[PDB]
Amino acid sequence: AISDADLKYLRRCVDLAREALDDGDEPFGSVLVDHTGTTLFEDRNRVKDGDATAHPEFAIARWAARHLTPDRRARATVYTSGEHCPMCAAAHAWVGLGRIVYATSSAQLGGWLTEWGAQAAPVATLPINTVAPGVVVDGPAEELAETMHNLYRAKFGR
């Protein structure tokens, strides 16, 4: 399901999540990749300037809306370190992007938060296909479960 190439991109997402963490933001990174394997756009979380909606997948949906034809959007892939929240999953579906691949699920992150005693997000951790039934979704990647546990702990578990 997750190819070797798919892993390479998820690892790039983990590196963008790390840049975010190192810069004071939350550890989420995301990459948009055309059908050919060329990276079109990369972004990471930027909520530290006060806007909690500054999620990378959202910015990818809007970048694609402005710069890609619908046909090209349907055949592009979004890679993300963490599974799209409902905001990001709906935006993705609204603009007509294609396959999503995630390293860790929002269910896992949900679970990990409570284990540390951290406050739950005000947004439910709904799987992507509850929000967006038509989207092709792959993940998680078992290889990245430990790394993402560590990253998420660095930010949310003290």
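The first residue of the sequence shown is number 1, and the count goes up from there.
The mean Cα B-factor in the deposited entry runs higher for 112-120 than for the other of 112-120 and 45-53. For the segment pair 67-75 and 80-88, the entry gives 67-75 the higher mean B-factor, averaged over Cα atoms. When the modelled residues of the chain are ordered by C-alpha B-factor, residue 106 sits in the middle third. Annotation for residue 141: CA B-factor lies in the highest third of the chain's modelled residues. Among all modelled residues in its chain, residue 37 ranks in the highest third by Cα B-factor. Placement of the Cα temperature factor of residue 133 within the chain: highest third of the modelled residues, per the deposited record.
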